[PDB]
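J.: File name coords_10.cif; file contents mmCIF, C-alpha atoms and all ligand atoms; full text below.
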data_start
#
loop_
_atom_site.label_atom_id
_atom_site.label_comp_id
_atom_site.auth_asym_id
_atom_site.auth_seq_id
_atom_site.Cartn_x
_atom_site.Cartn_y
_atom_site.Cartn_z
CA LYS L 2 -19.21 27.58 -14.22
CA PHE L 3 -16.46 28.01 -11.59
CA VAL L 4 -16.26 31.01 -9.28
CA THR L 5 -12.75 31.86 -8.05
CA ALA L 6 -11.35 34.51 -5.74
CA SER L 7 -8.04 35.43 -4.13
CA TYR L 8 -6.92 37.13 -0.98
CA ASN L 9 -3.62 38.19 0.51
CA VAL L 10 -3.80 37.19 4.16
CA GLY L 11 -0.81 39.36 5.05
CA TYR L 12 1.70 36.67 5.91
CA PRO L 13 3.13 33.52 4.32
CA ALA L 14 0.56 30.74 4.86
CA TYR L 15 1.77 27.20 5.67
CA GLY L 16 -1.46 25.53 6.73
CA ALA L 17 -5.15 25.67 5.90
CA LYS L 18 -8.20 23.66 7.01
CA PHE L 19 -11.97 24.19 6.69
CA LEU L 20 -13.70 24.33 10.07
CA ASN L 21 -17.09 23.97 8.39
CA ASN L 22 -18.73 24.52 4.99
CA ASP L 23 -18.15 28.26 5.10
CA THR L 24 -15.27 28.89 7.48
CA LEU L 25 -11.56 28.64 6.66
CA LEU L 26 -8.71 28.32 9.17
CA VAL L 27 -5.32 29.54 7.95
CA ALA L 28 -1.95 29.49 9.70
CA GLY L 29 1.47 30.96 8.98
CA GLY L 30 3.82 33.83 9.58
CA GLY L 31 7.06 35.63 8.84
CA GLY L 32 8.95 33.68 11.46
CA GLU L 33 10.77 34.70 14.61
CA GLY L 34 12.54 37.83 13.38
CA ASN L 35 11.81 41.32 14.63
CA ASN L 36 10.45 41.98 11.18
CA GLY L 37 7.04 43.61 11.50
CA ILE L 38 5.49 40.48 9.99
CA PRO L 39 3.00 38.63 12.19
CA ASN L 40 2.67 34.95 13.06
CA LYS L 41 -1.05 34.22 13.09
CA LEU L 42 -3.98 31.90 13.04
CA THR L 43 -6.71 33.46 10.94
CA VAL L 44 -10.34 32.36 10.68
CA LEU L 45 -12.30 33.56 7.64
CA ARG L 46 -15.79 33.23 6.24
CA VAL L 47 -15.49 32.82 2.47
CA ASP L 48 -17.94 33.65 -0.31
CA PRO L 49 -16.21 33.87 -3.71
CA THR L 50 -19.39 34.90 -5.58
CA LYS L 51 -19.69 38.32 -3.96
CA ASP L 52 -18.43 41.53 -5.57
CA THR L 53 -15.90 43.05 -3.15
CA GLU L 54 -12.94 41.62 -1.22
CA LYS L 55 -14.54 42.34 2.14
CA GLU L 56 -17.56 40.26 1.14
CA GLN L 57 -15.57 37.41 -0.40
CA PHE L 58 -13.18 37.07 2.52
CA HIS L 59 -14.53 38.00 5.91
CA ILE L 60 -12.11 37.62 8.82
CA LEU L 61 -14.01 36.16 11.81
CA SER L 62 -11.09 36.10 14.24
CA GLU L 63 -7.33 36.12 14.55
CA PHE L 64 -4.88 34.75 17.10
CA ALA L 65 -1.49 36.44 17.22
CA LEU L 66 1.28 33.98 17.97
CA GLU L 67 4.48 35.40 19.44
CA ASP L 68 6.39 37.77 17.18
CA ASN L 69 9.44 35.72 18.13
CA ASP L 70 7.79 32.35 17.66
CA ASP L 71 8.75 30.50 14.49
CA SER L 72 6.03 30.50 11.86
CA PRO L 73 3.63 27.57 12.17
CA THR L 74 4.57 24.64 9.93
CA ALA L 75 1.44 22.46 10.22
CA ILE L 76 -2.15 22.42 11.47
CA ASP L 77 -5.35 20.44 11.50
CA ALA L 78 -8.80 20.87 12.95
CA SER L 79 -11.76 18.72 13.81
CA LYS L 80 -14.84 19.66 15.82
CA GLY L 81 -13.46 22.93 17.16
CA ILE L 82 -10.20 21.34 18.24
CA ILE L 83 -7.17 22.91 16.58
CA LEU L 84 -3.67 21.46 16.70
CA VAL L 85 -0.71 23.57 15.56
CA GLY L 86 2.93 22.68 15.00
CA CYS L 87 4.98 25.75 15.82
CA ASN L 88 8.49 26.07 17.24
CA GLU L 89 9.23 28.60 19.93
CA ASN L 90 12.11 31.03 19.53
CA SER L 91 15.27 29.33 18.27
CA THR L 92 17.33 30.71 21.14
CA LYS L 93 15.01 29.27 23.75
CA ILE L 94 15.13 26.00 21.83
CA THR L 95 18.92 25.91 21.43
CA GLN L 96 19.71 26.74 25.04
CA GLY L 97 17.65 23.83 26.39
CA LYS L 98 14.82 25.97 27.74
CA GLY L 99 12.09 23.81 26.15
CA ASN L 100 10.07 23.88 22.95
CA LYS L 101 6.31 23.76 23.40
CA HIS L 102 5.89 23.10 19.67
CA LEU L 103 2.55 21.26 19.65
CA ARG L 104 -0.23 23.67 20.63
CA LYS L 105 -3.92 23.12 21.26
CA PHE L 106 -6.50 25.77 20.44
CA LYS L 107 -10.27 25.83 20.52
CA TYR L 108 -12.45 27.46 17.92
CA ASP L 109 -15.80 28.52 19.40
CA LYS L 110 -18.32 28.05 16.55
CA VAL L 111 -20.75 30.66 18.00
CA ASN L 112 -18.24 33.22 19.32
CA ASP L 113 -16.05 32.73 16.25
CA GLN L 114 -13.15 33.32 18.65
CA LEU L 115 -9.83 31.46 19.03
CA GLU L 116 -8.64 30.37 22.47
CA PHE L 117 -5.19 29.04 23.39
CA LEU L 118 -5.73 25.93 25.54
CA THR L 119 -2.40 24.22 26.20
CA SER L 120 0.87 23.13 24.57
CA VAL L 121 3.49 20.41 24.97
CA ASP L 122 7.09 19.63 23.94
CA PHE L 123 7.12 16.14 22.39
CA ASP L 124 10.54 16.09 20.70
CA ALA L 125 12.64 17.31 23.64
CA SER L 126 14.92 18.76 20.99
CA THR L 127 17.59 21.45 21.33
CA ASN L 128 18.02 21.73 17.57
CA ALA L 129 16.05 24.69 16.17
CA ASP L 130 16.15 23.06 12.74
CA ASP L 131 13.70 20.40 13.84
CA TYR L 132 10.09 21.26 13.11
CA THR L 133 6.71 19.60 13.25
CA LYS L 134 6.26 18.31 9.70
CA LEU L 135 2.81 16.71 9.90
CA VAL L 136 -0.21 17.38 12.09
CA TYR L 137 -3.40 15.38 11.61
CA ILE L 138 -6.47 14.72 13.75
CA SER L 139 -9.27 12.19 13.16
CA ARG L 140 -12.76 13.26 12.03
CA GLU L 141 -14.20 12.61 15.48
CA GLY L 142 -11.34 14.51 17.11
CA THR L 143 -10.47 11.66 19.47
CA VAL L 144 -7.00 10.84 18.14
CA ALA L 145 -4.19 12.72 16.45
CA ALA L 146 -0.84 12.02 14.83
CA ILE L 147 2.16 14.30 14.51
CA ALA L 148 5.55 13.86 12.86
CA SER L 149 8.82 15.64 13.46
CA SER L 150 11.42 16.34 10.79
CA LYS L 151 13.98 15.12 13.29
CA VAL L 152 16.07 11.97 13.03
CA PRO L 153 15.28 9.15 13.48
CA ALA L 154 11.79 9.44 12.02
CA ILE L 155 9.03 8.98 14.60
CA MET L 156 5.28 9.14 14.32
CA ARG L 157 3.56 10.07 17.61
CA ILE L 158 -0.06 9.11 18.07
CA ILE L 159 -1.57 11.32 20.73
CA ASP L 160 -4.77 12.29 22.57
CA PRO L 161 -5.86 15.75 21.36
CA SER L 162 -7.84 16.46 24.56
CA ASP L 163 -4.81 16.80 26.84
CA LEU L 164 -1.94 16.29 24.38
CA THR L 165 -0.75 13.05 25.98
CA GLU L 166 1.06 10.50 23.84
CA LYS L 167 -0.84 7.24 23.31
CA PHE L 168 2.14 5.62 21.59
CA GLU L 169 5.37 6.29 19.70
CA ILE L 170 5.90 4.60 16.32
CA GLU L 171 9.51 4.46 15.10
CA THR L 172 9.08 4.45 11.37
CA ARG L 173 11.69 2.80 9.21
CA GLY L 174 12.41 5.64 6.84
CA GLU L 175 11.31 9.23 6.42
CA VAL L 176 7.55 9.77 6.77
CA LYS L 177 6.25 11.50 3.62
CA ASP L 178 2.55 11.84 4.47
CA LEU L 179 -0.01 10.47 6.81
CA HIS L 180 -3.76 9.87 7.13
CA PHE L 181 -6.50 8.60 9.44
CA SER L 182 -9.38 6.36 8.35
CA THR L 183 -12.82 7.90 8.88
CA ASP L 184 -13.51 5.87 12.05
CA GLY L 185 -10.19 7.01 13.54
CA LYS L 186 -9.20 3.42 14.36
CA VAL L 187 -6.47 3.18 11.71
CA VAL L 188 -3.65 5.48 10.64
CA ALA L 189 -1.84 4.88 7.35
CA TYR L 190 1.53 6.38 6.50
CA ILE L 191 3.99 6.34 3.61
CA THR L 192 7.70 6.63 3.11
CA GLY L 193 9.25 7.34 -0.28
CA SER L 194 8.89 3.67 -1.22
CA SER L 195 6.51 1.90 1.22
CA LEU L 196 3.01 1.91 2.74
CA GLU L 197 2.47 1.12 6.44
CA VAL L 198 -0.90 0.67 8.13
CA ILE L 199 -1.31 0.80 11.91
CA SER L 200 -4.15 0.50 14.44
CA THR L 201 -4.52 3.68 16.50
CA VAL L 202 -5.93 1.48 19.19
CA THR L 203 -3.25 -1.15 19.68
CA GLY L 204 -0.32 0.27 17.74
CA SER L 205 -0.18 -3.05 15.85
CA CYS L 206 0.62 -3.45 12.15
CA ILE L 207 -2.49 -4.16 10.14
CA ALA L 208 -1.10 -4.19 6.61
CA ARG L 209 2.03 -3.19 4.73
CA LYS L 210 3.25 -2.74 1.11
CA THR L 211 6.76 -2.17 -0.28
CA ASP L 212 6.66 -3.45 -3.85
CA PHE L 213 6.08 -0.17 -5.64
CA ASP L 214 7.75 0.67 -8.95
CA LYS L 215 11.35 1.77 -8.26
CA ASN L 216 10.70 4.84 -10.41
CA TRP L 217 7.98 5.96 -7.98
CA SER L 218 8.45 8.30 -5.06
CA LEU L 219 5.37 8.06 -2.85
CA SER L 220 4.24 11.58 -1.99
CA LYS L 221 0.80 11.88 -0.43
CA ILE L 222 -1.88 9.61 1.05
CA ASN L 223 -5.57 9.98 1.76
CA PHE L 224 -8.33 7.53 2.65
CA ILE L 225 -11.16 7.37 0.12
CA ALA L 226 -13.14 4.54 1.70
CA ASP L 227 -13.12 2.48 4.88
CA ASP L 228 -10.54 -0.03 3.67
CA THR L 229 -9.08 1.96 0.81
CA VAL L 230 -6.24 4.48 0.56
CA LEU L 231 -5.28 6.80 -2.30
CA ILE L 232 -1.56 7.25 -2.79
CA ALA L 233 -0.01 9.93 -4.97
CA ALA L 234 3.50 9.28 -6.30
CA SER L 235 5.78 11.26 -8.58
CA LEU L 236 7.97 9.86 -11.35
CA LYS L 237 11.64 9.80 -10.43
CA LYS L 238 12.84 9.66 -14.03
CA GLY L 239 10.43 11.53 -16.26
CA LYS L 240 7.66 13.93 -15.31
CA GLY L 241 4.29 12.77 -14.05
CA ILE L 242 1.96 11.98 -11.17
CA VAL L 243 0.50 8.54 -10.48
CA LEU L 244 -2.64 8.07 -8.40
CA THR L 245 -3.17 4.59 -7.07
CA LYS L 246 -5.93 2.98 -5.02
CA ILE L 247 -4.80 0.27 -2.62
CA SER L 248 -7.25 -1.87 -0.67
CA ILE L 249 -6.35 -3.04 2.85
CA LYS L 250 -7.66 -6.33 4.21
CA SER L 251 -6.73 -9.24 6.48
CA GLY L 252 -3.01 -8.50 6.58
CA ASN L 253 -2.78 -8.11 2.83
CA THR L 254 -3.11 -5.27 0.34
CA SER L 255 -4.30 -5.29 -3.25
CA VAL L 256 -3.98 -2.59 -5.90
CA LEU L 257 -7.52 -1.75 -7.00
CA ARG L 258 -6.33 0.54 -9.77
CA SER L 259 -3.27 2.56 -10.72
CA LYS L 260 -2.99 5.34 -13.29
CA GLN L 261 -0.77 8.29 -14.20
CA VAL L 262 -3.20 11.23 -14.16
CA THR L 263 -0.92 13.82 -15.78
CA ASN L 264 2.58 14.44 -17.11
CA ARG L 265 2.38 18.20 -16.65
CA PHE L 266 4.16 18.38 -13.28
CA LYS L 267 7.19 16.89 -11.59
CA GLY L 268 5.61 16.66 -8.15
CA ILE L 269 2.91 17.83 -5.75
CA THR L 270 2.92 19.73 -2.45
CA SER L 271 -0.51 18.94 -1.03
CA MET L 272 -3.46 16.62 -1.50
CA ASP L 273 -6.95 16.34 -0.08
CA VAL L 274 -9.98 14.18 -0.75
CA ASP L 275 -13.56 15.31 -0.10
CA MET L 276 -15.68 13.57 2.54
CA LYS L 277 -17.87 12.09 -0.18
CA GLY L 278 -14.77 10.23 -1.40
CA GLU L 279 -15.38 11.23 -5.02
CA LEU L 280 -13.02 14.16 -5.63
CA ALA L 281 -9.27 14.63 -5.12
CA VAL L 282 -7.38 17.91 -5.29
CA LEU L 283 -3.68 18.31 -6.07
CA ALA L 284 -1.39 21.30 -5.55
CA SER L 285 1.56 21.14 -7.95
CA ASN L 286 5.19 22.19 -7.75
CA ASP L 287 4.55 24.52 -10.66
CA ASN L 288 1.79 26.21 -8.67
CA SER L 289 -1.34 24.68 -10.13
CA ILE L 290 -4.45 23.38 -8.45
CA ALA L 291 -5.86 20.28 -10.15
CA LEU L 292 -9.23 18.55 -9.75
CA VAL L 293 -9.28 14.75 -10.07
CA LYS L 294 -12.40 12.64 -10.43
CA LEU L 295 -11.73 9.55 -8.39
CA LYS L 296 -14.00 7.06 -10.17
CA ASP L 297 -11.93 7.26 -13.34
CA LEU L 298 -8.78 8.70 -11.80
CA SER L 299 -9.03 11.45 -14.39
CA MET L 300 -7.84 15.04 -14.06
CA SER L 301 -10.85 17.13 -15.11
CA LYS L 302 -9.62 20.71 -14.47
CA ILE L 303 -6.33 22.53 -13.84
CA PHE L 304 -6.13 26.03 -12.37
CA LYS L 305 -2.75 27.30 -13.65
CA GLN L 306 -0.70 29.71 -11.49
CA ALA L 307 -3.14 29.89 -8.57
CA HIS L 308 -0.30 31.20 -6.37
CA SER L 309 3.04 32.74 -7.36
CA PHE L 310 5.07 30.10 -5.58
CA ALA L 311 5.08 27.42 -2.90
CA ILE L 312 1.52 26.17 -2.53
CA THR L 313 1.62 24.80 1.00
CA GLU L 314 -1.75 23.15 1.58
CA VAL L 315 -5.06 22.49 -0.10
CA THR L 316 -8.33 21.79 1.77
CA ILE L 317 -11.88 20.94 0.68
CA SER L 318 -14.91 22.09 2.67
CA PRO L 319 -17.06 19.24 4.13
CA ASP L 320 -19.95 19.91 1.71
CA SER L 321 -17.58 19.75 -1.27
CA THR L 322 -18.56 23.33 -2.21
CA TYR L 323 -15.23 25.11 -1.86
CA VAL L 324 -11.61 24.26 -2.65
CA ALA L 325 -9.17 26.38 -0.68
CA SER L 326 -5.42 26.63 -1.18
CA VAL L 327 -2.82 28.70 0.60
CA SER L 328 0.80 29.48 -0.22
CA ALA L 329 4.04 30.94 1.08
CA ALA L 330 3.32 33.85 -1.27
CA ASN L 331 0.80 35.13 1.33
CA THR L 332 -2.20 34.26 -0.82
CA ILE L 333 -5.42 32.28 -0.33
CA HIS L 334 -7.12 30.94 -3.44
CA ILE L 335 -10.77 29.89 -3.31
CA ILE L 336 -12.57 27.84 -5.93
CA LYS L 337 -16.32 27.29 -5.86
CA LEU L 338 -17.38 24.00 -7.44
CA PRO L 339 -20.64 23.34 -9.27
CA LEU L 340 -22.91 21.02 -7.24
CA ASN L 341 -22.08 17.36 -7.84
CA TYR L 342 -19.14 18.38 -10.01
CA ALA L 343 -17.44 14.97 -9.78
CA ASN L 344 -20.63 13.14 -10.70
K K Z 401 8.18 38.26 13.46
K K Z 402 8.65 27.87 10.12
K K Z 403 -2.76 13.19 4.11
#
Can you turn what I pasted into structure tokens?
Ligand SMILES: [K+]
Ligand SMILES: [K+]
Ligand SMILES: [K+]

T.:
Amino acid sequence: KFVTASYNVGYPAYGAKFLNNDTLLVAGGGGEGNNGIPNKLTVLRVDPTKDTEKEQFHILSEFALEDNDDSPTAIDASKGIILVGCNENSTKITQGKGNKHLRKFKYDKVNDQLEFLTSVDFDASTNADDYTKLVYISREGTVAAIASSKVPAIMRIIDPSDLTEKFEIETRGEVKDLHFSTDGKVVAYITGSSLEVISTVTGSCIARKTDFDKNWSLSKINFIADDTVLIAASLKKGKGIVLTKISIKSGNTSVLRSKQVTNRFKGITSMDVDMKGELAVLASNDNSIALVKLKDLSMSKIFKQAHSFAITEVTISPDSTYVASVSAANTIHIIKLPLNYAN
């Protein structure tokens, strides 16, 4: 019923995104050391049904980042535009030489090749410990949002064409996760205990919510419909994951439905929702990939030990055919779903 396949990409992977139905973008590396381990962007064609590794995972192109660059920490892609969070060498950073840590690439869909376009230093930081925590770009590729680990927490909303900052949002607490609505006109973000919704056009508040259970730690957020977000939280005391749907309208929010979908794990490291808005995928702390059917908020399948440790990102192809996950254990896990699985 499910076809699965695994591949060792050759370096610890920290980001993954599907460029189309069939093509996976992966980013990561061994970091800045003179260690014989590359820092790379890798583009692969995947087909988990085939018999050999070369057929299941075909590498279309690779971009070698600097051997003395940090490993990439975050990526996203939309319509051939690729945005990558990646510190330069710590020495260059520390000695005030500049940190072009937000980089723009182009994937040529016909050439399959990767091109470095331009990069920019947004944080103006001289602390090598600061990294780009979140990188997201809207479906149409017209707006993006990035988030530093640095203090105080700031969300920058930028133009992906030339990497200019549209506006700077000083968030109140630490930004946990982040998502754009499908039209790209709204970005929603979460801290550990609040939801904030902002227009990407004006920078104005649209809606806000802070009355979550005090035992909840908000973890991830994805849009599932035009005016509806899905928030994943973990139990502070106890073990479990709550998925909640919150509707956003006219300055107010309302909880459509809330439900704990499992008690098997303590927390999750990644979440994605398919474009159809029907399926959610979770990557757990204990290294599982879980499939959640959004109509019922029910967990319908768990792939135990899909990586050996640290699952960094999970991504669903636009046709809802493949579920891809990558980890710091150097592995890529591919799941093929039966057609209309969630239905
Ligand atoms: K290296
Ligand atoms: K890194
Ligand atoms: K998200």

J.: Let me have all residues with an atom within 10 Å of ligand K 401 (chain Z), counting all atoms listed in the file, laid out as a PyMOL selection string.

T.: chain L and resi 30-40+66-72

J.: Would you kindly return, as an MDAnalysis selection string, each protein, DNA or RNA residue with an atom no farther than 7 Å from any atom of residue 243 of chain L, considering only C-alpha atoms and excluding same-chain residues fewer than 5 positions away?

T.: chainID L and resid 233:235 260:262

J.: Suppose we keep C-alpha atoms; can you now write the selection as a PDB file, in the frame of the given file?

T.:
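What landed in out_37.pdb:
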ATOM      1  CA  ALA L 233      -0.010   9.930  -4.970  1.00  0.00           C
ATOM      2  CA  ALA L 234       3.500   9.280  -6.300  1.00  0.00           C
ATOM      3  CA  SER L 235       5.780  11.260  -8.580  1.00  0.00           C
ATOM      4  CA  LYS L 260      -2.990   5.340 -13.290  1.00  0.00           C
ATOM      5  CA  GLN L 261      -0.770   8.290 -14.200  1.00  0.00           C
ATOM      6  CA  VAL L 262      -3.200  11.230 -14.160  1.00  0.00           C
TER       7      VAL L 262
END

J.: Could you build a table of the residues in chain L lying no more than 9 Å from ligand K 403 (chain Z), giving for each the nearest pair of atoms and their separation in Å rounded to one decimal place, using only C-alpha atoms and all ligand atoms, ordered by chain and ascending residue number, as a Markdown table?

T.:
| residue | atom | partner | partner_atom | distance |
| --- | --- | --- | --- | --- |
| L:135 | CA | Z:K403 | K | 8.8 |
| L:137 | CA | Z:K403 | K | 7.8 |
| L:178 | CA | Z:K403 | K | 5.5 |
| L:179 | CA | Z:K403 | K | 4.7 |
| L:180 | CA | Z:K403 | K | 4.6 |
| L:181 | CA | Z:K403 | K | 8.0 |
| L:189 | CA | Z:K403 | K | 9.0 |
| L:190 | CA | Z:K403 | K | 8.4 |
| L:221 | CA | Z:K403 | K | 5.9 |
| L:222 | CA | Z:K403 | K | 4.8 |
| L:223 | CA | Z:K403 | K | 4.9 |
| L:224 | CA | Z:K403 | K | 8.1 |
| L:271 | CA | Z:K403 | K | 8.0 |
| L:272 | CA | Z:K403 | K | 6.6 |
| L:273 | CA | Z:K403 | K | 6.7 |
| L:274 | CA | Z:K403 | K | 8.8 |

J.: Given the choices L:118, L:298, L:168, L:85, which gets closest to residue 258 of chain L if the distance is worked out from all atoms listed in the file?

T.: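 Ranking L:118, L:298, L:168, L:85 by distance to residue 258 of chain L, first place goes to L:298.
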
J.: Tell me, as a PyMOL selection string, which residues lie within 9 Å of residue 45 of chain L, counting only C-alpha atoms; anything in the same chain fewer than 3 positions away does not count.

T.: chain L and resi 23-27+58-63

J.: Record the distance separating atom CA of residue 250 of chain L and atom CA of residue 207 of chain L, expressed in Å with one decimal.

T.: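 Going from atom CA of residue 250 of chain L over to atom CA of residue 207 of chain L, I get 8.2 Å.
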
J.: What's the separation between atom CA of residue 7 of chain L and atom CA of residue 114 of chain L, in Å to one decimal place?

T.: 23.4 Å

J.: As a quick test: using all atoms listed in the file, which residues lie no more than 12 Å away from ligand K 402 (chain Z)? Give them as a PyMOL selection string.

T.: chain L and resi 12-16+28-34+40-41+69-75+85-91+102+129-134+150+313+329

J.: To one decimal place in Å, what is the distance between atom CA of residue 292 of chain L and atom CA of residue 83 of chain L?

T.: 26.8 Å

J.: Kindly indicate which residue among L:341, L:145, L:282, L:290 lies nearest to residue 202 of chain L, using only C-alpha atoms for the distances.

T.: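 Ranked by minimum distance to residue 202 of chain L, first place goes to L:145.
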
J.: Set the distance at 7 Å and use all atoms listed in the file: which residues neighbour residue 122 of chain L once local chain neighbours fewer than 5 positions away are removed? I'd like the list as a PyMOL selection string.

T.: chain L and resi 99-103

J.: Now that the selection is made, can you save its residues with C-alpha atoms as an mmCIF file, in the coordinates of the input?

T.:
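Output saved as out_22.cif:
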data_model
loop_
_atom_site.group_PDB
_atom_site.id
_atom_site.type_symbol
_atom_site.label_atom_id
_atom_site.label_comp_id
_atom_site.auth_asym_id
_atom_site.auth_seq_id
_atom_site.Cartn_x
_atom_site.Cartn_y
_atom_site.Cartn_z
ATOM 1 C CA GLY L 99 12.090 23.810 26.150
ATOM 2 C CA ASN L 100 10.070 23.880 22.950
ATOM 3 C CA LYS L 101 6.310 23.760 23.400
ATOM 4 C CA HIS L 102 5.890 23.100 19.670
ATOM 5 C CA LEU L 103 2.550 21.260 19.650
#

J.: Between L:11, L:153, L:252, L:239, which is the closest to residue 197 of chain L once you count all atoms listed in the file?

T.: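 The answer is L:252, which sits nearest to residue 197 of chain L.
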
J.: Pick out the closest residue to residue 317 of chain L from this set: L:96, L:172, L:332, L:21. Count all atoms listed in the file.

T.: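 Checking each of L:96, L:172, L:332, L:21 against residue 317 of chain L, counting all atoms listed in the file, the winner is L:21.
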